[PDB]
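Before any questions on how it binds or moves, here is one chain, the form deposited in one PDB entry, in structure tokens.
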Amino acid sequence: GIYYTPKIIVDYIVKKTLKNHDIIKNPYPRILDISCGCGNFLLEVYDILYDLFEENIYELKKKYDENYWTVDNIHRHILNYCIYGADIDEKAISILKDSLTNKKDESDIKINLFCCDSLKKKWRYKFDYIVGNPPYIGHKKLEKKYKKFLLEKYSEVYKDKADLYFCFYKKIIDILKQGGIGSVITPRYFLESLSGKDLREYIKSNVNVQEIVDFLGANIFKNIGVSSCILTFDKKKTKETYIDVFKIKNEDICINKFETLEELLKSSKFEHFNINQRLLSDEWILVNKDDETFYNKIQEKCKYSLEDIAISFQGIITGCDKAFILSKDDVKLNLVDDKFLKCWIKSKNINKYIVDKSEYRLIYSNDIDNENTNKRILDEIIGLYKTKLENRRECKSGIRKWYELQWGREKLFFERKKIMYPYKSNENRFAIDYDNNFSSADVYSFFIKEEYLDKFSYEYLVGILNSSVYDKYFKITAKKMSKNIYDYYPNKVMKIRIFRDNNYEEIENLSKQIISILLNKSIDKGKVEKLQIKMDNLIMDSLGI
């Protein structure tokens, strides 16, 4: 329940907020961490503040009460007026209280530490500086009773499949003083995700974003499966609204290459570019000028989107795959009439242009009429998981029978020629499915609308969609999930724009040559690459890049 931020990142975040504080003008800054834990950030804040006061102690002594401003009084002053923390964990607060006390009895020094829920606490005043690492909890792992509170009181940033850390962004922004500075490390996903749309709008319209450090898929928290970014923002009145963006170039680097994070940011391991906050739409397209030019050329030249021409759908969700998915060689399939059996593939079965042969079968149990006619299937296959099946939401409410698929969709959508792609991948992998393949939600499908069949063929679409141009084009705005993994979900895949011009026939012909080679017995994988290079050239010519 407690996560330790790497020291190099803590120091960078504390420096980002305090390095230019004018302690002579304001010797009473309020610095807050609302998920302080054991004080990873606040103990560093103490050290930075102590040097700031000690370095200017005689100037403060002359300007203000000369009896109050002594070196011996710095410790008490910092704890009384400067450092604030909050955390839900009582033990963590107790440890941090001891650590702050031991930085140096008399009249006991009051320490501004609150054991509370920071999202419910009535905050009695605003703060100059806010730093830290909020909790990340998604829609599956968040308690449903608590979600009702968030859906009611944090509706500006929290809806649907949003995350708990969205609300910490809102709370931090709301209690930041005018002219104050906030700097936090959170997951990166809100920068592109559909769930983060309202959160992005709230940030854009209430603070100036000074800086975004985007580590992409790099592993910042050891043994933790999350991807991180650092956001620095302020509430200063300024006419300029440009964001510094530092995007890592190599996801494999060790974060401790130099003594400081800023050395790494200035190095060749990162790229830097600027983004005008006023030009942010509901989506934040954070790319350099070359990629922006590349992206805008494709957007302006393409007159159609996939959503215009195609029908998208998520795959089957059985609710318990072990109950319904069997190996095609499993002897228990002899109990199942073939009318109930469907071919079943996983995301790893999707290559560019074609799907591997299926190794698994789905029992489409929705077509089982009653429990008496097919008792052996129920007793010997599906019923082996009956307890877990009955715990599915729609079974408890009586919507589904215990042996039915939870979301069986429409068979007719799958039993047709269609394009399939994995939901998470390192590259564009769009394949024509010829074999009426079914799949779980790790594979998405679409088919072309009837009225667009004379303009776009399946063979033409997989040709451009698998090209190097469209791989780079999709990843410009794609949701980066982990190292070498992007989400390929319809909320972004169906926004891909496509074109139709004089190169259509040759692109389509090259695609059919590739498909014909890939479907042979002795695949000339080499020839396919050459044909792909030729198609990439045609596509680059068509789009004027």
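Numbering starts at 1 and runs along the sequence shown.
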Out of the other entries of this protein with residues modelled on both sides, is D105 skipped in at least a third? yes
How much of the deposited sequence is absent from the coordinates between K322 and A323: none, 1 to 3, 4 to 9, or 10 or more residues? none
What stretch has the higher average Cα B-factor here, 51-59 or 480-488? 51-59
Taking the recorded C-alpha temperature factors, which stretch has the higher mean, 354-362 or 438-446? 354-362
Which one of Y423, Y158, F413, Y146 shows the top CA temperature factor in the record? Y146
Could you check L405, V336, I185, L194 and tell me which one carries the biggest Cα B-factor in the deposited entry? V336
Looking at the temperature factor on the CA atom of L32, which third of the chain's modelled residues does it land in? middle
Splitting the chain's C-alpha B-factors into thirds, which one does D536 fall into? lowest
Can you work out whether the C-alpha temperature factor of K375 puts it in the lowest, middle or highest third of the chain? highest
CA B-factor ranking of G180, expressed as a third of its chain: middle
Record-listed C-alpha B factor of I9: chain third: lowest
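If you look for the form deposited in another entry, you will not find it shown, but the lines that follow are about it.
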Option at the hinge, rigid-body rotation between this form and the one not shown, list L265, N288, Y64, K449: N288
